[PDB]
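Chains as they are written, first to last, in the authors' numbering: chain 1, 144 to 214; chain n, 1 to 241, 253 to 306; chain o, 3 to 245, 259 to 306; chain 2, 73 to 143; chain 3, 73 to 143. No residue lacks a Cβ here, since even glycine has one placed at the ideal position from N, Cα and C.
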Amino acid sequence: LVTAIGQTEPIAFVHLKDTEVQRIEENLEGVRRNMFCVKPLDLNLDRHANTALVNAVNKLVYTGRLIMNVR
Amino acid sequence: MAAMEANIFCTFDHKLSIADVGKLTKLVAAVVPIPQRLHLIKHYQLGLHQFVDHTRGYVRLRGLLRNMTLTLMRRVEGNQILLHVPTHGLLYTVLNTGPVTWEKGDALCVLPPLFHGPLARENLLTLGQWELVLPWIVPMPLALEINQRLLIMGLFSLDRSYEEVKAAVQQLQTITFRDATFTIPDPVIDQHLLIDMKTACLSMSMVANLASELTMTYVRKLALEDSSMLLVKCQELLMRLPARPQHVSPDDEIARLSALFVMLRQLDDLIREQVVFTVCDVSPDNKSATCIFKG
Amino acid sequence: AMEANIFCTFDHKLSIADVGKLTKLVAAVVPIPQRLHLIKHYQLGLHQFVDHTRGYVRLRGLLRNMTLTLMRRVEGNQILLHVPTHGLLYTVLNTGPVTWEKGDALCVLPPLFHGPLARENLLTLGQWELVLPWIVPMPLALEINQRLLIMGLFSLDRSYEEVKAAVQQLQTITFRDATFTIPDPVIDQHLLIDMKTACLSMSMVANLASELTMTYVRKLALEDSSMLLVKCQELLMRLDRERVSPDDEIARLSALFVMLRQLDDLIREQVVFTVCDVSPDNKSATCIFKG
Amino acid sequence: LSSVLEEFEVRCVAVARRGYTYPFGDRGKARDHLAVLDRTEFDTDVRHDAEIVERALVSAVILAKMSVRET
Amino acid sequence: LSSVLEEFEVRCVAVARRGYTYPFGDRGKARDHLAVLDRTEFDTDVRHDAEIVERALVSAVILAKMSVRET
């Protein structure tokens with residue numbers, strides 16, 4: 144992880160299939176496209192991948208990517 | 001009051017036959033438990049014989065005998081006996097009244113007698129319609145299994161037909177351990193077992209709760225790759241039924268194990284007995300051996 | 003009038019530097035296989051018991067049968083060995099990495115290392131080597147085995163590096179004034195056979211507890227007046243929450272107890288000493304003996 | 073009485089099960105209150121069915137106040 | 073069958089808990105049918121379902137006669 148000052152870490156998902164990565168970004172694009180309709184429809188993440196914290200944070204990051212884009 | 005005397009003189013009031021006065025000379029340096037701890041105890045209180053009862057609860061003798069102070073036989077003479085109580089940690093020799101081949105370096109425990117089968121009972125030594133009864137000293141593996149067999153016999157006795165119990169008591173009362181055969185006199189069910197079964201039944205449940213999810217599952221998972229003789233022979237006893256662990260919390264897991272050890276000592280001790288001897292070099296005759304940690 | 007002491011004679015000739023290497027270890031626990039009066043130096047220490055595939059647990063048990071003995075005096079040829087008598091005080095070297103303090107319930111454990119040490123040096127004949135067991139305080143001695151057992155439970159799955167991060171935490175206990183790094187019993191992913199048995203010794207027991215309890219608790223519940231047994235079945239029925260010949264019951268119960276006797280070596284621990292005064296700089300301390 | 077009489081046994085089974093759980097300020101006094109609650113049944117006679125509810129109900133109401141430590 | 077079978081699965085073990093509470097004149101005989109009922113399971117194969125019900129009935133009527141005490 145970055146330690147140099149002035150380099151705040153960009154928000155990013157950790158260890159996910161590219162089919163899951165690029166596709167969920169389109170759902171975030173719909174907030175900028177039409178924020179009147181906002182649902183957390185995606186739930187495709189599998190617990191079989193990675194471990195506890197690596198997957199549980201991703202459910203939180205999607206809400207954090209959403210709460211910023213809605214605002 | 002004086003501290004209870006290490007030296008104890010036991011004197012018979014009943015006449016002694018010449019054939020029996022030499023029976024005690026061969027009995028010298030052997031465990032002779034007493035209860036009252038008098039400086040001049042009467043022989044009527046001597047020996048286990050006063051504790052016998054029509055119930056003949058062998059488990060009942062197993063408990064009441066432990067309360068008695070142990071003593072070492074010493075100084076046979078004319079109508080006089082001198083029992084002695086070694087202080088803790090000192091070494092002193094001990095003859096084995098029982099018929100068991102002691103090993104070097106093993107711990108020993110006092111146990112109520114188990115009749116050999118033929119029950120010739122030697123000259124047994126008797127007077128006044130009374131017989132001396134000296135509990136046998138036994139090796140730990142025999143001392144351990146003798147308790148669990150009394151407990152498992154009480155578990156099978158529950159919840160099953162009384163005629164079926166006899167088929168289990170027959171195979172369980174026998175003990176072929178260490179060459180010589182053994183058999184348990186009257187293993188009557190008792191309230192003393194009901195509390196002994198209670199502490200086992202209490203430990204039987206809580207250990208299943210204290211066990212970690214990674215602990216109980218582990219035996220089922222080892223079979224997926226490793227294979228061995230012990231893995232196969234043990235797996236058959238279990239009920240018939253890669254992957255990530257559901258969670259790994261080293262602080263939460265180390266705590267689950269520390270509590271688990273306490274219930275094991277709560278459960279293991281009921282088959283354990285108060286170790287008394289720690290024999291070193293057994294004599295070649297196998298009629299005597301030195302001991303330590305007595306008391 | 004001199005106190006009795008075991009004699010012992012080294013075979014290989016010693017240089018004057020070697021006999022002085024031993025006089026630095028006056029007080030020192032020395033296990034003895036059997037209370038023989040004479041003893042060859044090959045019998046001294048755990049080194050005769052040293053093994054590869056056999057695990058640490060085998061040393062945990064055979065050491066309990068070893069006769070601990072201090073080296074009361076060191077000379078040429080013969081070496082005296084004073085077996086402690088219970089209740090007497092005995093000065094002992096602090097060979098153990100843990101610092102001693104007042105009143106500790108010391109108990110012996112086999113020596114361990116975490117790769118190279120700043121000073122592995124000890125008396126060394128050709129091929130032969132001496133090994134002096136640690137004298138750890140009791141609360142840490144439970145912490146040792148509690149870590150060693152859990153670390154082998156994960157040995158079946160080294161493949162997940164996230165699990166290794168937990169193993170790295172168990173690997174380094176941090177008692178005060180100490181920085182331990184307990185070696186992994188596992189080597190090249192494969193378990194030692196002693197580790198494979200110790201893990202089987204416990205997991206088999208917890209598995210039988212999950213099912214065998216469902217029967218005997220039922221008949222024994224109504225008879226009890228204390229009621230404490232009556233609520234024990236509640237957690238067992240909630241232990242189901244996730245998702259037979261009569262002779263089979265006897266053989267099934269029979270294994271449950273005998274495995275605990277195999278497991279007892281890792282459970283209860285005798286204390287061999289209890290500390291009194293401690294010498295300055297903690298080089299050593301007197302400890303009244305207690306079997 | 074149909075199923076409704078059977079329904080009284082269902083909810084009674086839950087209170088009887090949790091009465092072995094929650095700690096109280098006594099032990100042997102509440103012990104009789106639980107076992108008598110476990111003795112509740114329904115007699116073959118129709119007129120006598122009220123007698124079981126008449127006593128088992130009073131034993132249960134006392135148990136609830138003890139959790140509150142109510143007088 | 074699976075919809076009715078789910079109701080059969082709930083009514084199955086519910087009979088077993090009543091059997092432990094009910095005293096019998098031979099404590100050992102009662103478990104031999106209760107142990108089969110506690111072992112109940114439903115494999116995907118429907119061919120065995122005619123056999124699954126049979127042991128469920130052998131564990132049923134034979135147990136009910138013991139309560140009536142008819143031989």
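| Query | Result |
| --- | --- |
| Start-to-end residues for the alpha helix (DSSP H) that takes in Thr215 (chain o) | 195–225 |
| Separation of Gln277 (chain n) from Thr199 (chain n), as counted between CA atoms | 8 Å |
| Below-7 Å beta-carbon distance, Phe156 (chain n) vs any chain o residue | yes |
| Residues that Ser161 (chain n) contacts on chain 3, provided the C-beta gap is smaller than 9 Å | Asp98, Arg99, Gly100, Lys101 |
| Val110 (chain n) versus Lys42 (chain n) - alpha carbon distance | 23 Å |
| Rounded C-alpha distance that separates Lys137 (chain 3) from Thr55 (chain n) | 38 Å |
| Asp121 (chain 2), enclosing alpha helix (DSSP H) - first and last residue | 121–140 |
| Stretch pair the stretch 197–204 of chain 1 + the stretch 18–26 of chain n: three plus CB contacts closer than 8 Å | no |
| Burial state of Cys10 (chain n), where buried means 16 or more other Cβ atoms lie within 10 Å | buried |
| Selection of the stretch 254–271 of chain n by Cβ proximity to chain 1, strictly under 9 Å | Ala254, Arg255, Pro256, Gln257, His258, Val259 |
| Cutoff 7 Å: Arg243 (chain o) Cβ touching any chain 3 Cβ | no |
| Per-residue DSSP class, three states only, for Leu108 (chain n) | strand |
| Paired residues, beta bridge with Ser299 (chain o) - DSSP | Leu95 (chain o) |
| In DSSP terms, what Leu82 (chain n) is bridged to | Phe9 (chain n) |
| Three or more C-beta pairs below 8 Å linking the stretch 76–83 of chain 3 and the stretch 126–134 of chain 2 | no |
| Interface residues of chain 2 facing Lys233 (chain o) [CB-CB closer than 7 Å] | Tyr92, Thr93 |
| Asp292 (chain o), enclosing beta strand (DSSP E) - first and last residue | 288–293 |
| Buried/exposed call for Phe288 (chain n), threshold 16 Cβ in 10 Å | buried |
| Secondary structure of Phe115 (chain o), DSSP reduced to three states | coil |
| Counterpart residues of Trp102 (chain o) in DSSP-defined beta bridges | Answer is none; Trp102 (chain o) lacks a bridge partner. |
| Contact with chain n by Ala199 (chain 1), beta-carbon distance below 7 Å | no |
| Beta-carbon spacing of residue 351 (chain n), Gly154 (chain n) below 7 Å | Any property of residue 351 (chain n) remains undetermined from this structure, which presents chain n solely from 1 to 306. |
| Rounded C-alpha distance that separates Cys180 (chain 1) from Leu209 (chain 1) | 12 Å |
| Cβ-based burial, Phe182 (chain n) [other Cβ within 10 Å; buried from 16] | buried |
| C-beta contact flag for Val59 (chain n) and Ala6 (chain n) at 7 Å | no |
| Interface flag, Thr215 (chain o) vs chain n, CB-CB below 7 Å | yes |
| Endpoints, alpha helix (DSSP H) assigned at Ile282 (chain o) | Note, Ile282 (chain o): premise wrong, no alpha helix (DSSP H); not H, not E. |
| The stretch 144–153 of chain n / the stretch 170–188 of chain n touching (three or more Cβ pairs under 8 Å) | yes |
| Same chain, Cβ closer than 7 Å to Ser299 (chain o), neighbours up to 5 away in sequence not counted | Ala29, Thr93, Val94, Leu95, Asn96 |
| Proximity test, Cβ basis, 7 Å: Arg220 (chain o) and chain 3 | yes |
| Residues that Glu78 (chain 2) bridges to, as DSSP identifies them | In the DSSP output, where bridge partners are listed per residue, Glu78 (chain 2) has none listed. |
| One or two residues paired with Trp136 (chain n) in a DSSP bridge | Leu111 (chain n) |
| Member of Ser139 (chain 3), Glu113 (chain 3), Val140 (chain 3), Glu126 (chain 3) whose CA lies at the smallest distance from the CA of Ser74 (chain 3) | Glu113 (chain 3) |
| Same chain only: Cβ atoms within 6 Å of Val293 (chain n), ignoring 5 sequence neighbours per side | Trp102, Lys104, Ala300 |
| Under 8 Å from the C-beta of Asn209 (chain o): neighbouring residues of chain n | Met216, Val219, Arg220, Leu238 |
| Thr183 (chain n) - partner residues in DSSP beta bridges | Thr174 (chain n) |
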